[PDB]
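Listed next as structure tokens is one chain, alone, in the form deposited in one PDB entry.
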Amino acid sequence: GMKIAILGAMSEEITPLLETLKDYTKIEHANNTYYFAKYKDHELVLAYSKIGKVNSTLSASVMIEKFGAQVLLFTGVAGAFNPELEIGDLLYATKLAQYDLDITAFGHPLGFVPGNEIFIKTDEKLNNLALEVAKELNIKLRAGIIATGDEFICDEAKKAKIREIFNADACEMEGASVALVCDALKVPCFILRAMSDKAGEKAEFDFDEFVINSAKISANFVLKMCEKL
């Protein structure tokens, strides 16, 4: 069977999986811990990267280049931009951009550097698998664009600008970087986020209130996807 990596950013996003698995082997590498487990006869490597683009890029690269993961599922929470999203709602990214990658001084569009794309796509077959799981389990699942950058967004004006430029439905600090790594290394990637907040005024309070539960929702979903891989 295919070797699966499951990646989140924070302990809250991955600990629910570790608790469900119960039995696993911990390996210290890249100033972090990587967890190795067998789930319903699937070989898994799991980790939380620590927050942000650099940490999540490094973890995705380690999971693939060092440990040989063949498919990568990202699980965690996000800030909702689309007004139809509520706290706890699941969104998978069809494509992702880095909103804070800015060499626009040279005439490039926001989010662009030479040699790369503005938007990185996720894997079609994995996205269709997620739609099958959502139907099976009667779980509401939305498709959308995720905007990634190294700021916790809690500002209606910033939210509005990023939504306008990229038609983004949510924001977070790891998806586009993870997707870029997977695309570069020819590994199918799936990015799932459960909303923890609405990325506006007082979003830090909502994040703290809802991160634990929203993280569990996304974590459970990706574990169910593993069963179809």
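Note that residue numbering begins at 1 and tracks the sequence as displayed. Only residues modelled in both forms are compared. Rigid core: the largest C-alpha set superposing within 1.5 Å between the two forms.
Between 125-133 and 91-99, the higher mean Cα B-factor belongs to 125-133.
Comparing 47-55 with 157-165, the stretch with the higher mean C-alpha B-factor in the PDB entry is 157-165. Remark: of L110, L85, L72, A78, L85 shows the highest value [criterion: C-alpha B-factor in the PDB entry]. For the set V178, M195, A37, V62, the PDB entry assigns the largest Cα B-factor to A37.
For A105, the recorded CA temperature factor ranks within the highest third of the chain's modelled residues. In the deposited entry, the Cα temperature factor of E204 sits in the top third of values across the chain's modelled residues.
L229: CA B factor in the highest third of modelled residues in this chain (values from the PDB entry). Remark: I6 belongs to the lowest third of its chain, ranked by C-alpha B-factor as recorded.
When all modelled residues of the chain are sorted by CA temperature factor, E28 is found within the highest third.
Not pictured, yet referred to below: the form deposited in another entry.
Put simply, after the core is superposed between the shown form and the other one, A199 is the one residue in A199, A47, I64, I162 with a Cα shift of at least 2 angstroms.
Cα-Cα spacing of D206 to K95 is enlarged in that other deposited form versus the present form (difference of at least 3 Å). Regions that shift between the shown form and the other one, defined as runs of three or more consecutive residues whose CA atoms all move by 2 angstroms or more after core superposition, reduce to a single one, 199-220.
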